[PDB]
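Report on one structure; see the data block that follows.
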Amino acid sequence: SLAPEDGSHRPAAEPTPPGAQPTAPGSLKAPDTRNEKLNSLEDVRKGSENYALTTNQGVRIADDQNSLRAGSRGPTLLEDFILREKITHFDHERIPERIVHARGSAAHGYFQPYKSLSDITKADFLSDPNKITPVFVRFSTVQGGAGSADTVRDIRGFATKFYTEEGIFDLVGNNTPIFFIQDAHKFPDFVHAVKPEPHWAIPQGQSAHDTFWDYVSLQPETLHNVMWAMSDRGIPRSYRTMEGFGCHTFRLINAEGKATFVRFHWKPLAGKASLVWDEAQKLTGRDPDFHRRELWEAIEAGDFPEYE
Amino acid sequence: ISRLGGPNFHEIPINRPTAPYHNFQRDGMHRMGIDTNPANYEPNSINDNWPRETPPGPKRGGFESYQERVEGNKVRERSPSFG
Amino acid sequence: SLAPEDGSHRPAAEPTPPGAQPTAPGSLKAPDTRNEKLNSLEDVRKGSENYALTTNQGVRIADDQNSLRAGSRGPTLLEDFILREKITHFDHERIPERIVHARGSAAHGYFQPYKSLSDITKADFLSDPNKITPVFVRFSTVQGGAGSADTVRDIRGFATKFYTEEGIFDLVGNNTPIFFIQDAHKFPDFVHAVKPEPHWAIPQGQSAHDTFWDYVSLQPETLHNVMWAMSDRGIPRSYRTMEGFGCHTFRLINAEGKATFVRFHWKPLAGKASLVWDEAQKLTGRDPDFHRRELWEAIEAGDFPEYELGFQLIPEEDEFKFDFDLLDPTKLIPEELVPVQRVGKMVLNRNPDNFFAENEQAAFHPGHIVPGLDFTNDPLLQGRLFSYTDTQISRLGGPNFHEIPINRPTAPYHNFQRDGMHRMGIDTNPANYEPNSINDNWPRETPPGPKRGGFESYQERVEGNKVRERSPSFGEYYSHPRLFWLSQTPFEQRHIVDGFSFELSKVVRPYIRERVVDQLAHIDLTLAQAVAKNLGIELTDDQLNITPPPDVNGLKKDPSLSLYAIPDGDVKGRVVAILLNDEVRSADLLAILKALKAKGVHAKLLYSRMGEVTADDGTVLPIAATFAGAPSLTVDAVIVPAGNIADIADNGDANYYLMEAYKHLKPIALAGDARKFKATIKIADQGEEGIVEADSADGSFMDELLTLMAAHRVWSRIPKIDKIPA
Amino acid sequence: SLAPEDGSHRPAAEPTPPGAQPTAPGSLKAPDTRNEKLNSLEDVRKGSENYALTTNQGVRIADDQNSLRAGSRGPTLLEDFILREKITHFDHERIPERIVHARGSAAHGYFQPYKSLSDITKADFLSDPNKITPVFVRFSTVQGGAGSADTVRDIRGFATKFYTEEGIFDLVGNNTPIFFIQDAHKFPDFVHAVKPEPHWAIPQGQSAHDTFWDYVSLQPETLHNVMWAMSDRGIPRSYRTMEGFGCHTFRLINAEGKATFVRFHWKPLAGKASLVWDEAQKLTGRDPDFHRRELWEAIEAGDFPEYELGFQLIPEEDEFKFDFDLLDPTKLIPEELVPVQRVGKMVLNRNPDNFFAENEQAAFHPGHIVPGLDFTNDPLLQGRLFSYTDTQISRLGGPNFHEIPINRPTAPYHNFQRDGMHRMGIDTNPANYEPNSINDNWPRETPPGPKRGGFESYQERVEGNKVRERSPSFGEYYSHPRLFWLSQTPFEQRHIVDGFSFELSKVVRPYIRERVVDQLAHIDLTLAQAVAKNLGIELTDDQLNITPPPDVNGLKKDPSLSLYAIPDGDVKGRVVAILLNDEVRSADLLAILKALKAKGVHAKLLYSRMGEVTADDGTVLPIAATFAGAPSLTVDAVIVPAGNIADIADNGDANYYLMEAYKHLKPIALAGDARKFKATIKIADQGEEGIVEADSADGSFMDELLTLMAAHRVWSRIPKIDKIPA
Ligand code: HDE
Ligand code: HDE
Ligand code: HDD
Ligand SMILES: [S]
Ligand SMILES: [S]
Ligand SMILES: [S]
């Protein structure tokens, strides 16, 4: 047995402050934190302790250290299906990242209203303060790839999937109340302009380059959101300490059929807080996973991110 | 990998084993299984090396190939016995 | 017209030094550079000047600013095909990244051999010193994603696609001579261990976490490549200043059928040079694109990356002449035992036009060999042969990945394979099978021979049972790690100690650190104790008495394993920060730049804001960047000319600039009143080695600075840096 | 393993009648046939003669017969990269077939207008009678898979890609002028209902099953296109002998901005002709590739398929002037009300080289329009515009499907779209966005205007609330089916009755059959009774009293809706079977072939074995096929020359050949003693209209036979075939 005698390989399944224990998969860290969605995923969770190592077809593997070869210094044989299945699955691990917001960090939680909103909306999840709606929330940057740094200067995404009794509602918002552009037809122009430039694929995670500012200088509708990004809004301390916005006017519709225009807000109960530019930029080098880590460790500690 | 869209074709319901399957393979398109193992490699100490290899034996043992003697040069050649 | 009237939007189509012009696609930057492969890509190049904006179907668009809607404040209509085509293409821009080496930077070039190697190989590309072979080379890290940082601590890849007249040959190597594991079956285990951990996908671009060090502690075969990764080899200065290696024993096969064992080498003609860890880490923050940028800018300046191809050659009858197995890819062949024979030179002289189309889509695979080469039973190489074909079916969308333009052979290709997704070639052959009579059996098989023959494998003898078994001969883990460590200078050993100590401090479970210190004590006690001390760990009496492993074939060191033991410095294409003031002394600046120019060293003029300043004599000095904007991390040395020093003397950024460069062992030069800065870095009045100083920037002031830059960094300074708060 | 020395493996590169030579890729059969699009494909056409067989990487293969193994009876080795490339390509050949119209056959050709249409449209391809536009056309069934049969009962597709100077225009039509449903939202319900049922995936190529008739019984909007499918229009003789229609009201826009509604037509210059059901059904077993083969062989013979493009034009102010809605795609515009104006001619004159690359990968989509054309609010068309771009993402592997060679425009295309899987074009533009200054904003938008202008949508007024609601004007379902019924000849009517009767007899659930018959009672009582009688159903008193729907704008019938009521036969390209005997009277064969050749009618010489027979004068006659191997299903008429009739008089296959041809209403001619076969088909001494007979085959005999063939089938024989046991 390879684990240490004293059992110090395994993190306590109780809330612990950052750095006190190794981090762990959520169902192992907090087995008794439940909601309808988390429970419904049990059919696909797979454990490991006390099980035999197998192929994907259920065949027990005797030797997971060697390829099948003709003699112990010989060529590898085509009939080694165990090696080929293992290397095939490896070879095909990756899927395309998101076109934008490829960098992002997510957690499970729940939502509950403070009071029935039936006077203004028939949305079932807003109909009773007793209605508990599971959520899965993903926070993100915009420009950089899935392996880019967290504390860049960028807009941040804030996407919430509400698993309601009357369907999925996704509230797909950002951390500023507007966008750079007015018409969707220009989205690939704006995004190409902010992304790494096409000849050489530089710079990652940064608007600080000629094409972005070229587009901005030629499209003054951009200037409002550019102001937000150049502010310390663009460099939050934590996904816990930033605001969220729905970006658009939507409508609520009530049982009588009356429409009300609405814009959505998320107010962080831990308050608003951002880094300073020098600190953010250096932090992309010292810990490019700083926000991902901070979110995971706040939840492990019981410092649950809360938004109104 | 093209016909069924990727390396997780064993998780398409008709294809699934009824026998247990556990290993350190991860990800791929259409991934259904949510692995809770702290480890995705072996040997590991962080999960006490589970899931673990199993020696061959008379029942419920690991797969080991028959130790057939191979002898010859690397050749692209049809056996004369096939002619 | 949106372009400025003075044409300042268009970069000069001629060699210019870094920062002088905006960068540009290669065919616009350097239209006069060519080779056979670049010429053949012309059929797919797309221009843009003077053309109308269209759909992909060739319909001209009138308004590319708006969607179609019912009234100008109305709903967007489904019939807007111009919107949905444009948004559809955007929606599907991304393809899966490489499983490993996803972060990489690539350039076109050419290779030519120094003489015909026909006595040892029939490979056509090596048959004639006049035969010039286009190449495309991609350098990469291993762990991080395509949008991770360049100057991480990691292994680097060094992949070369040779477009030979007898097929594609891909030499898919790394910047170290070995690998972490012995058998390919373990590759997903090792890679999973070094990659971000699967619960939370942390950390990116780093081996400094529990699962990596768990695997290493349990798999001593890894320690040799770990030594390399923990040394300054893991943080190169530039893709231009690292070695490349082919990793495995392959074979050369001559026209007579004789097989010779070969390992492949690339020697950087710009010399070997690496960063230091604090600098490398901070640089991942200040410019995560530094190596990609440096490569592109070197080529645009005419500082073409050059590498010499070399072979270590071992006769077949010498297979068992060494203390280690030639097939064991965790073992290096010391150059003291088998010298590198020079073979030819490769020059990278053109950037791509489109990074996605040429770099992201390029597919390299070590099974892509040509007649004159062959494999061996290296069990890591054996498994690689499966992987690099397989992985392309998802990454590049199917089995016609050779028809993507960058991947196309320049040699003819004809066969009976048909269809598949993205099929470009339209085959007119009446037959799609052989043997056939309906096309007189064309295209036809070709017997092997001295030139232009079919591929036939070398008839190596195979004997033994079908086994999943590691060769006993591979069961030795410590002697190569030890040879490596003993071959390093004392400052290089110090940086290895600090690499392990820093990485193990990030491992959360203490027993994993202890287990790895135990492994170190099997390699070298001094190493092990120094790492232990940094971790607060005390070696046991048993650990103190572990017998060191034996030397490797009589060797107690091999200086070729050191970056620095043997000077191979080259200052051409290096860069100096010049720290400006509002009244620079022109005569200092003239002499600085004249000497830098004469050796091909670049400069960047830095100040506290953008714009210009004016020297004493009225010369207008344009500013490249601010002190904060272009940190010392990004340059090789700093020079401060004389003048109105009081202007920058209390500037935090300016002071810190010299502290950072000082800490990172870079040459510093101070002329006249700029000597006032000696106080910020605590330099004595009689001066110290590595700090150039004088009343004015010449006679021998630039020669001194340039001598220091040829030696790369001031290693003697290392005992003084701990004191400086930087 | 090679070609025969006589060169007989290779088809002559000259036009040759069906069966005279093996068929071949178009560029080899007809190398001098060119057009702008065919030429532009030269970059990707790949030959084979005199080339070495290689891997896809350009490595010559020595042994393409064997895997690499350890000894010649040993295991195959993983290092066999030649085996794995070849098998990997093969393992990934297939791409997803089209959701609908998966079964299709395609050819290249060209179009030109008869005169400039600039008064009604500014479309460049309709602007000049001497501007030629390349086309690629694919004909298809709808329901069955890509390996289903051709001569099923189904709607046919007729899709034309016009490669115009101002962009690709795809006219994506069918062989009937309406569709089964009104709103695109129901398309998956209808298609799922006609497709193989989901539990067991039966039946292929057939609407004759419960789910289809369940949907029709519940959605009377479908009854109009059902009437067309049940008629002989559902079983065309050839893609050369059916009409095409664009299905929707589109708009033409002229340079002055005037909009005219238009519906598109294609008139077959070879005339309108269909099979009979029993023949069609049996032919799906004897030759499931009959229409694919006939199309390919017509083009190899020079019987180029020709179609006339025609437009129904309705001025904008006449939108509401009919008693149906112009935007309802279940409604046709009778040519009695709105005549088809002839517009131009399309000729299909070359087959592809590789069916997969050019046919299977072609992507047609009706949203691919060009300036001068525009859409309408037809709610079926509206949703089609979403589907034809979306579906290519999976079928063709991503958003670069326009780079697959067959799909590329010949017109320039330049834009700021980048990347996507298997990206071919390498963009050099410094800019990938607009507005930009860095490339002076190229490529640039272009204002709309008379010619070469940007696309702008016609400024149609929209007024209404956001609703999911069917227009009340669409809620009439029976008048157009009735118009169609009343316009058919009596034998066409009988065949419609028979198609409904045959289909509904395969519906297992009897209440579905009853509900369909109730729908038929709302269209025409005579039809409804005739179907009921065949299903053993008796109409109720109420059903008997259903008031017939109103005439369509005063019309009692419109003969243009019939296949046959107005003669339009053309025999060129048709085929006759000639049943040989072992001593043919050469004088008869001489006169038969001379007359057939004068009208471009082909012949196939049949016998009871293959090889040769010798005629009375020593002429050696090669045999194309046996009586069983090329049944009368595959020909238009049968001729039996004189000679040694005893040789075949008691041959069961030869007698049956005539019985099947007789049953199927085909002309038969019998010369000399071949008149003895009159007994097998019960023709009286006096003779019968449709049986040509004389002492010998002469001028008069062949004229009579060719007159019969110009009328396609012998409809007057129908009363006589009930009794024949065939
Ligand atoms: C206001 C909040 C907001 C706005 C206004 C937009 N984004 Fe987002 N985006 C996609 C496209 C898209 C378009 C076409 C527009 C304006 C027309 C916006 N964006 C502006 C996308 C390409 O479809 C996207 C990429 C992956 C994906 O699934 O959809 C996408 C991502 C995205 C996210 C990430 C959600 C997640 O996966 O975690 C968020 C938070 C936004 N967008 C916000 C957003
Ligand atoms: C010797 C230099 C070297 C070695 C020993 C290995 N890698 Fe590499 N690698 C792939 C798999 C693979 C396996 C199975 C093994 C040992 C079993 C190695 N690696 C060790 C791959 C997953 O098939 C890979 C990912 C993308 C791809 O197409 O192949 C792959 C990448 C890779 C590159 C990247 C080439 C490029 O596109 O720039 C390089 C330089 C190596 N490997 C070197 C290498
Ligand atoms: C809203 C869905 C929809 C509806 C309402 C229609 N179509 Fe369609 N059609 C498709 C959605 C579609 C498709 C699913 O997108 C296909 C199959 C895959 C493809 O590329 O297009 C297709 C293919 C397709 C083809 C085959 C082109 C080829 O040869 O590749 C033809 C000829 C037609 N259609 C014709 C018609 C006609 C005459 C319609 C009646 C006016 C019609 N379609 C309505
Ligand atoms: S937004
Ligand atoms: S290696
Ligand atoms: S239609």
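FYI, nothing fancy with the structure tokens labels: chains A, B, ... in order, residues from 1 per chain, ligands from 1 as they appear.
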Practice prompt. Please extract the residues at most 6 Å from ligand 6, counting only C-alpha atoms and all ligand atoms, and provide them as a list in words, using the chain letters and residue numbers of this document.
Written response: residues 178, 179, 247, 248 and 329 of chain D
Item to complete: Tell me which protein, DNA and RNA residues are within 10 Å of region 23-34 of chain B, counting only C-alpha atoms, leaving out same-chain ones fewer than 5 positions away, and put them as a PyMOL selection string.
Response: (chain A and resi 41-48+51-56+58+60-61+85-96) or (chain B and resi 1+4-9+11-12+39-42+50-53) or (chain C and resi 188-189+192+198+394)
Writing out the chosen residues with C-alpha atoms as an mmCIF file, in the first residue's frame:
data_model
loop_
_atom_site.group_PDB
_atom_site.id
_atom_site.type_symbol
_atom_site.label_atom_id
_atom_site.label_comp_id
_atom_site.auth_asym_id
_atom_site.auth_seq_id
_atom_site.Cartn_x
_atom_site.Cartn_y
_atom_site.Cartn_z
ATOM 1 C CA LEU A 41 -25.826 13.447 -10.816
ATOM 2 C CA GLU A 42 -25.315 10.405 -8.588
ATOM 3 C CA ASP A 43 -26.155 8.084 -11.501
ATOM 4 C CA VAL A 44 -22.938 9.125 -13.264
ATOM 5 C CA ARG A 45 -20.523 9.615 -10.374
ATOM 6 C CA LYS A 46 -17.881 7.046 -10.341
ATOM 7 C CA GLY A 47 -15.802 6.036 -7.303
ATOM 8 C CA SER A 48 -12.540 4.161 -7.154
ATOM 9 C CA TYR A 51 -12.202 -1.452 -7.353
ATOM 10 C CA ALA A 52 -10.054 -3.365 -9.852
ATOM 11 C CA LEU A 53 -8.335 -1.415 -12.638
ATOM 12 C CA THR A 54 -9.974 -2.312 -15.973
ATOM 13 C CA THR A 55 -10.243 -1.473 -19.634
ATOM 14 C CA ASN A 56 -13.322 0.595 -20.646
ATOM 15 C CA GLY A 58 -14.663 -4.104 -17.947
ATOM 16 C CA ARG A 60 -9.275 -6.513 -15.379
ATOM 17 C CA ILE A 61 -5.672 -5.366 -16.162
ATOM 18 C CA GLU A 85 -7.375 1.638 -25.676
ATOM 19 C CA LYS A 86 -5.488 3.544 -22.959
ATOM 20 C CA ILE A 87 -3.477 5.626 -25.530
ATOM 21 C CA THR A 88 -6.482 6.188 -27.768
ATOM 22 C CA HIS A 89 -8.555 7.686 -24.955
ATOM 23 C CA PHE A 90 -5.576 9.890 -24.033
ATOM 24 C CA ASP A 91 -5.115 10.920 -27.651
ATOM 25 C CA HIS A 92 -8.643 12.193 -27.853
ATOM 26 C CA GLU A 93 -9.010 13.928 -24.437
ATOM 27 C CA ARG A 94 -9.348 17.441 -25.661
ATOM 28 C CA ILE A 95 -12.444 19.164 -27.043
ATOM 29 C CA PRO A 96 -12.536 22.678 -28.621
ATOM 30 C CA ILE B 1 -13.533 7.732 -33.101
ATOM 31 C CA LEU B 4 -19.353 7.342 -32.658
ATOM 32 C CA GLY B 5 -17.757 10.779 -32.158
ATOM 33 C CA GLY B 6 -14.838 9.932 -29.829
ATOM 34 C CA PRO B 7 -13.170 7.658 -27.266
ATOM 35 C CA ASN B 8 -16.198 7.544 -24.880
ATOM 36 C CA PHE B 9 -18.213 5.206 -27.117
ATOM 37 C CA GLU B 11 -20.525 4.986 -22.373
ATOM 38 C CA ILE B 12 -23.222 4.931 -25.110
ATOM 39 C CA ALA B 39 -5.966 10.477 -8.709
ATOM 40 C CA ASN B 40 -6.029 10.211 -12.498
ATOM 41 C CA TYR B 41 -2.653 8.367 -12.720
ATOM 42 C CA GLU B 42 -0.990 5.343 -11.251
ATOM 43 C CA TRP B 50 -6.994 2.534 -6.344
ATOM 44 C CA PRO B 51 -8.234 1.290 -8.681
ATOM 45 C CA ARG B 52 -5.591 -1.436 -8.553
ATOM 46 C CA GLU B 53 -4.076 -4.001 -10.923
ATOM 47 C CA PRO C 188 -1.121 8.935 -19.843
ATOM 48 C CA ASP C 189 -0.180 8.294 -16.175
ATOM 49 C CA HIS C 192 -2.023 13.173 -16.025
ATOM 50 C CA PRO C 198 -8.537 16.778 -12.356
ATOM 51 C CA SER C 394 -10.040 14.414 -33.495
#
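With only C-alpha atoms as the basis for measurement, A:146 is the residue among A:146, A:123, A:102, A:275 that approaches chain C most closely.
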Practice prompt. Determine which residues of region 99-293 of chain A DSSP labels as alpha helix (DSSP H) from the backbone of this structure, then write them out as an MDAnalysis selection string.
Written response: chainID A and resid 187:194 210:218 223:230 277:286 290:293
Worksheet item: Taking only C-alpha atoms and all ligand atoms into account, which residues are within 6 Å of ligand 2, as a PyMOL selection string?
Response: (chain A and resi 91) or (chain C and resi 98-101+138-140+157-159+172-174+179+184+187+246-247+363-364+380+383-384+387-388+391)
Since we have the selection now, will you write its residues out, keeping N, CA and C atoms, as a JSON list (two decimals), in the first residue's frame?
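Contents of the output file part-v6.json:
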[["chain", "number", "residue", "atom", "x", "y", "z"],
["A", 91, "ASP", "N", -5.33, 10.17, -26.41],
["A", 91, "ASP", "CA", -5.11, 10.92, -27.65],
["A", 91, "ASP", "C", -6.27, 11.80, -28.05],
["C", 98, "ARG", "N", -3.57, 20.54, -28.96],
["C", 98, "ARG", "CA", -2.75, 19.30, -28.80],
["C", 98, "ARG", "C", -2.83, 18.70, -27.37],
["C", 99, "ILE", "N", -2.84, 17.38, -27.22],
["C", 99, "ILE", "CA", -2.99, 16.85, -25.84],
["C", 99, "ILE", "C", -1.85, 17.39, -24.95],
["C", 100, "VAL", "N", -0.66, 17.40, -25.55],
["C", 100, "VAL", "CA", 0.61, 17.88, -24.93],
["C", 100, "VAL", "C", 1.29, 18.74, -25.95],
["C", 101, "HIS", "N", 2.18, 19.64, -25.47],
["C", 101, "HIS", "CA", 2.79, 20.65, -26.32],
["C", 101, "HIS", "C", 1.75, 21.58, -26.99],
["C", 138, "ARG", "N", 8.32, 23.81, -35.13],
["C", 138, "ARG", "CA", 7.52, 24.36, -34.05],
["C", 138, "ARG", "C", 8.22, 24.01, -32.73],
["C", 139, "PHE", "N", 8.44, 25.03, -31.88],
["C", 139, "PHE", "CA", 9.00, 24.85, -30.53],
["C", 139, "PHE", "C", 7.83, 24.95, -29.59],
["C", 140, "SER", "N", 7.90, 24.31, -28.42],
["C", 140, "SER", "CA", 6.69, 24.30, -27.57],
["C", 140, "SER", "C", 7.13, 24.06, -26.14],
["C", 157, "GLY", "N", 9.58, 21.30, -26.45],
["C", 157, "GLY", "CA", 9.63, 20.52, -27.68],
["C", 157, "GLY", "C", 10.33, 21.30, -28.76],
["C", 158, "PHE", "N", 10.85, 20.54, -29.73],
["C", 158, "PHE", "CA", 11.62, 21.04, -30.84],
["C", 158, "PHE", "C", 11.30, 20.05, -31.98],
["C", 159, "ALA", "N", 10.26, 20.41, -32.71],
["C", 159, "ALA", "CA", 9.77, 19.56, -33.82],
["C", 159, "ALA", "C", 10.10, 20.18, -35.20],
["C", 172, "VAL", "N", 10.89, 14.81, -34.24],
["C", 172, "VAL", "CA", 10.01, 15.35, -33.19],
["C", 172, "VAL", "C", 10.79, 15.21, -31.88],
["C", 173, "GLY", "N", 11.61, 16.22, -31.54],
["C", 173, "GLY", "CA", 12.47, 16.15, -30.33],
["C", 173, "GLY", "C", 12.13, 17.12, -29.21],
["C", 174, "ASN", "N", 12.94, 17.11, -28.14],
["C", 174, "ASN", "CA", 12.77, 17.92, -26.96],
["C", 174, "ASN", "C", 14.11, 18.59, -26.67],
["C", 179, "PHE", "N", 13.77, 11.10, -21.62],
["C", 179, "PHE", "CA", 12.43, 11.35, -21.15],
["C", 179, "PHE", "C", 12.20, 10.85, -19.72],
["C", 184, "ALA", "N", 5.90, 3.47, -23.24],
["C", 184, "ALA", "CA", 4.73, 4.32, -23.67],
["C", 184, "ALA", "C", 3.42, 4.05, -22.94],
["C", 187, "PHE", "N", 2.56, 6.64, -20.53],
["C", 187, "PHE", "CA", 2.52, 8.05, -20.88],
["C", 187, "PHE", "C", 1.24, 8.81, -20.35],
["C", 246, "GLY", "N", 16.80, 14.17, -30.35],
["C", 246, "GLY", "CA", 15.77, 13.24, -30.87],
["C", 246, "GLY", "C", 15.24, 12.23, -29.87],
["C", 247, "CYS", "N", 15.77, 12.22, -28.65],
["C", 247, "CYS", "CA", 15.20, 11.37, -27.56],
["C", 247, "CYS", "C", 15.51, 9.87, -27.65],
["C", 363, "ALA", "N", 0.86, 19.15, -38.19],
["C", 363, "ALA", "CA", 0.85, 17.86, -37.52],
["C", 363, "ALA", "C", 2.21, 17.22, -37.76],
["C", 364, "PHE", "N", 2.92, 16.98, -36.66],
["C", 364, "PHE", "CA", 4.27, 16.39, -36.68],
["C", 364, "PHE", "C", 4.14, 14.99, -36.08],
["C", 380, "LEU", "N", 9.40, 3.34, -25.66],
["C", 380, "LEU", "CA", 8.69, 4.61, -25.60],
["C", 380, "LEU", "C", 8.45, 5.02, -27.06],
["C", 383, "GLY", "N", 5.55, 2.98, -28.81],
["C", 383, "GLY", "CA", 4.21, 3.48, -28.52],
["C", 383, "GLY", "C", 3.89, 4.83, -29.12],
["C", 384, "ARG", "N", 4.90, 5.68, -29.20],
["C", 384, "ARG", "CA", 4.69, 6.97, -29.88],
["C", 384, "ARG", "C", 4.15, 6.70, -31.27],
["C", 387, "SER", "N", 0.45, 6.80, -31.35],
["C", 387, "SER", "CA", -0.19, 8.06, -30.91],
["C", 387, "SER", "C", -0.26, 9.17, -31.95],
["C", 388, "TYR", "N", 0.84, 9.46, -32.64],
["C", 388, "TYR", "CA", 0.79, 10.67, -33.42],
["C", 388, "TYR", "C", -0.13, 10.63, -34.66],
["C", 391, "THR", "N", -4.16, 10.69, -32.79],
["C", 391, "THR", "CA", -4.60, 11.95, -32.20],
["C", 391, "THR", "C", -5.14, 12.95, -33.23]]
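Residues of protein, DNA or RNA lying at most 10 Å from ligand 4, when only C-alpha atoms and all ligand atoms are considered, are residues 172, 173, 174, 175, 176, 177, 178, 179, 180, 181, 182, 225, 245, 246, 247, 248 and 249 of chain A.
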Worksheet, complete the sentence: Taken to one decimal, the CA of residue 113 (chain D)-atom 20 (O, counted along the ligand's line) of ligand 3 distance is 27.1 Å
Do you have, as a Markdown table, the list of residues of chain D lying at most 6 Å from chain B, each with its nearest atom pair and that distance in Å to one decimal, counting only C-alpha atoms and ordered by chain then number?
| residue | atom | partner | partner_atom | distance |
| --- | --- | --- | --- | --- |
| D:66 | CA | B:76 | CA | 5.1 |
| D:67 | CA | B:76 | CA | 5.4 |
| D:68 | CA | B:76 | CA | 4.4 |
| D:69 | CA | B:75 | CA | 5.5 |
| D:70 | CA | B:74 | CA | 4.7 |
| D:71 | CA | B:72 | CA | 3.8 |
| D:72 | CA | B:79 | CA | 4.9 |
| D:73 | CA | B:79 | CA | 5.8 |
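Atom pair CA of residue 85 (chain C) / atom 15 (C, counted along the ligand's line) of ligand 1 has a distance of 14.9 Å (rounded to one decimal).
Atom pair CA of residue 54 (chain D) / CA of residue 358 (chain C) has a distance of 23.9 Å (rounded to one decimal).
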Excluding same-chain residues fewer than 6 positions from residue 340 (chain C), what lies within 6 Å of it counting only C-alpha atoms, as a tab-separated table (two decimals) with C-alpha atoms, in the first residue's frame?
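Listing of part28.tsv after writing:
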chain	number	residue	atom	x	y	z
C	310	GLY	CA	24.45	16.28	-35.45
C	311	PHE	CA	24.44	12.46	-35.13
C	312	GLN	CA	25.80	10.25	-32.35
Worksheet, complete the sentence: Of D:524, D:390, D:403, D:673, the one nearest to ligand 3 when counting only C-alpha atoms and all ligand atoms is D:390
Discussion item. Using only C-alpha atoms and a cut-off of 9 Å, which residues of chain A sit close to chain D? Please list them as number ranges by chain.
Written reply: A: 69-70, 75-80, 186, 188-193, 197-199, 210-211, 214-215, 218-219
Item to complete: May I have the residues within 9 Å of region 471-478 of chain C as number ranges by chain, using only C-alpha atoms and disregarding those fewer than 4 positions away in the same chain?
Response: A: 71-73; C: 182, 220-224, 324-325, 327-328, 330-331, 482-483, 519-520, 522-524, 548-550
Worksheet item: Taking the backbone alone, and naming residues the way the document does, which bits of region 47-150 of chain A are strand (DSSP E or B) by DSSP, as a ChimeraX atom specification?
Response: /A:52,54,60-61,69-70,76-77,104-111,133-140
Worksheet item: Hey, what's within 12 Å of residue 287 (chain D) if we count only C-alpha atoms and toss same-chain stuff fewer than 3 positions away? As a PyMOL selection string, please?
Response: chain D and resi 148-152+279-284+290-294+629-634
Discussion item. Would you pick out the contacts of region 500-505 of chain D at 10 Å or less, using only C-alpha atoms, so that residues sharing its chain but fewer than 4 positions from it are not included, and give the list as a PyMOL selection string?
Written reply: chain D and resi 206-210+213+226-227+229-231+277+495-496+509-510+512-514+516-517+520+527-528+530-535
